[PDB]
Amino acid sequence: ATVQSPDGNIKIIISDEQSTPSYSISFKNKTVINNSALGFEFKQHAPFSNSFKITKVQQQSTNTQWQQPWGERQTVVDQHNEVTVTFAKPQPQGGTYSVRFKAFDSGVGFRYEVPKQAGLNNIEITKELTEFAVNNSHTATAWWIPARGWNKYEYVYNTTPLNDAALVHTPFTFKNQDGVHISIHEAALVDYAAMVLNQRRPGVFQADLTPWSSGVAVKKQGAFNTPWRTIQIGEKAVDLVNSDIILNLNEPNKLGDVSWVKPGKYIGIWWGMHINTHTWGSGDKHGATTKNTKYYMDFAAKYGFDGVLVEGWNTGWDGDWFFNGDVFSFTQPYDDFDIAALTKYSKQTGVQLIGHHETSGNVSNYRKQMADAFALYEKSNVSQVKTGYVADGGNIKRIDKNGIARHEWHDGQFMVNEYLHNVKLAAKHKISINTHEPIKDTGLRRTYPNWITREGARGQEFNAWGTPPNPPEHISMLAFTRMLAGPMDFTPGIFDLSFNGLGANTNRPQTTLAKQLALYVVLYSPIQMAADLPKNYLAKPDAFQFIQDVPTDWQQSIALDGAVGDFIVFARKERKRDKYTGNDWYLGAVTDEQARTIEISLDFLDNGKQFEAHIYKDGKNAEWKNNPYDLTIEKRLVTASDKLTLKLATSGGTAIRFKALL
C-alpha cells in the first residue's frame, strides 16, 4: 500500500513481505526510512508480529483549517492524504489490526487501531514493535538527550553521529548527509506509556515504552488505539519548526468556551530562592510572605504583568524540601502568608496570584488533597497554577490500593493519566496548568486548552546552580528539539547576570543581555515570565521596555532561518487581543558560542505598511563572558522591501519590535 503527501514529496510504502508488517518512507524519491517493523508483544496474549497480511486499504484525504483559542498562530491548516491499512492473521493465534497513516507535506503520522475481537480482553502490552529504521545512519548527525536517566528531560543536548544515540527521548532530531532534517516524536499521548527510542541494530530505533513498576508497559481492556507516532521531514531545519503536524494530530478542543484561559506575562517570588537570597521554607529569609507578595503585585501592576507566582506559600517546605513529598499541604499556608488579604489585594491591584503545587514526587499525597486545593484557589480568584513533580527519574511515589508505596516513571501510563486528571480537574475550576517536571508535550493543548505550558527541559533555573549552567548553544538546541513538542516555560529575562561573578566558570546564564530579550520571541509560551528580581529590572528600564511591550500570543509565527545548535531567527505577528492591536510584528534571534552575522529580509512585514523597528541588539564590543551587558537600542523606519543584518555577539541575540504606524 502507498500513501503520499499532498505535494508528492513524502511517500510511505506499507508492506507485508517482511517478517512482520512494515513501512518505509522516501523523501523526493530517496529512501530516508528503511523497512521498519510494526506490531505488539503482550504479557499473556499471543503476539501481533509475523504472518499478518494486508487485506484492505481505505484511502481518504483532508483539506481544512481551524482556529486556535491561543497559540503561536491563529489559523492552522490541515492538508493530508490518509490511508488505513488492515492486517489479518489466520487462526490459531490469529487476529487483526489496522494502522492509519496521515501524510502531510511536512511529515507523517501513524497509529495502530486494534478492533474488538475474540480473545482480546484485558491485555498488557509488554513491547511495541514499531521501528524507525534510518537509512544511511552511519553518516547522519543527531542532537539528543538520553532517556531513562536520573535527570529525566533536564539534560543538555549531545551532538553525535546518529549511531551513537543509544537510548533517547523525543522529539529526537537528526539530519542525514544529504542535509534532510528528520524528527521523531508522538502526538496525543493519552492512556498509554510514553515512547522512548532504543537503537537496536545500527540505525534501527525501536519503540521502548516506559513501563509500570510491575514491568508491563500498557494496560488496556479490549479494543485500543496507540498515540500517533510522528516523523517530521524537511529540506531545512526551519521546516521542522514551522510544521503544525503535532497539533493537527490531536483531537479538537473538548472544553468548550476557554476564554477564561489568559495568555500573558508574569513575575514571581521564585528566582530569589534559586540564587539563595530567599528560602522556600519558613524563617528570616522566607520568600512567600504577605509583604513580599504585595510588593511584587505593586510592581506587576505598575509595569504591566498579569500575575505573580509565589512558591513556598504552603506548609511542608521546611528542611530539605526535596524529601518532603509526604508532608506538603496544598490547602494550609504558612502563618506569614495571608491568602485572604492577598485575595483582597489581587482584586485591588488587578494582579492575579498564580498558584503553586509542588509534590516532590508524591502524587498520592497531592491527589488526596487536589479537590480541596483547587476549591481554595477558585475561592481565592486564582486562575493559573504551576505544578511540580521533583524527584529522580523512576522515583514518582504512589500509594497503591493496599497502602503500599510504589515507584513509577514520570512518563509511564500511570503518570500520563495522572497529569491529565490534574488538568481536567483544574479545568472544572477554570484553572490553567503550567507543569514542571512534566510528561513531554504531545499537542494535547489543542484538546485541553487550559494545559498552557510546561517545562520538561533545562530552563533558566539551571543557570542559577547547574554546575555547569546551560551552555551558549542551549537555546539553539531547544529550538529544534524540545520546542518541536510545543510551548515551554523557560522563564527568560535575567537582567543581573553577575550574582555569582562574571566569566565562563560561574553559575549564571552564559548569554548576553540582548539574548535574554530575544528569548521572548524565540521560545514560544502563552505565558512568559520576567524571571528576575524586580530591582534588577528597575536598574535597566530601557532594556526592560522590550519585556513590557512583547506579547505572548501570536496570529502567525515564522522561523526565518537557523541551524540546529548554531542559531535561530523567529518572526511573529501579534494576535489581536486585549492590549494588542494585532498590527505589530516581533523578531528574536540567538546564536550559540560563536558570534554570527545573519542577513534577514523584512518581507514578512505587511505589504504597503510602514513600521518603526525598535531594535535591541548586542553592543559593538559585547561578548558573553566578561562583557554581556553592552547593548544598543535603535529606532529605524522600515517596510517589507527592507533587509537587516543581524550581528550577534558570542552567545548573543537581538530582539525587535516592528511597530506599525498610522
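From 1 onward, residues are counted along the sequence shown.
Determine, for stretches 231-239 and 86-94, which one has the higher mean CA B-factor as deposited.
Taking the mean B-factor of the alpha carbons in each, 86-94 is higher.
Comparing average C-alpha B factors as deposited, tell me which of 572-580 and 266-274 sits higher.
It is 572-580 that shows the higher mean C-alpha B-factor.
Say you rank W321, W212, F490, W451 by Cα B-factor from the PDB entry; which sits at the top?
Of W321, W212, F490, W451, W321 has the highest C-alpha B-factor.
Taking the Cα B-factors listed in the entry, which of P161, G119, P438, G466 comes out highest?
Of the candidates given, the C-alpha B-factor peaks at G119.
Tell me, lowest, middle or highest third: where does the Cα B factor of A301 rank within its chain?
According to the entry, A301 has a C-alpha B-factor in the chain's highest third.
Comparing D336 with the other modelled residues of its chain, is its CA B-factor in the lowest, middle or highest third?
Highest third, going by the recorded CA B-factors of the chain.
Check where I615 lands among this chain's C-alpha B-factors and tell me if it's the lowest, middle or highest third.
For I615, whose C-alpha B-factor we compare with every modelled residue in the chain, the answer is the middle third.
Split the chain's modelled residues into thirds by Cα B-factor; is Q58 in the lowest, middle or highest one?
Top third by C-alpha B-factor.
Grab the CA temperature factor for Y524 from the record and place it in the lowest, middle or highest third of its chain.
Its C-alpha B-factor belongs to the lowest third of this chain's values.
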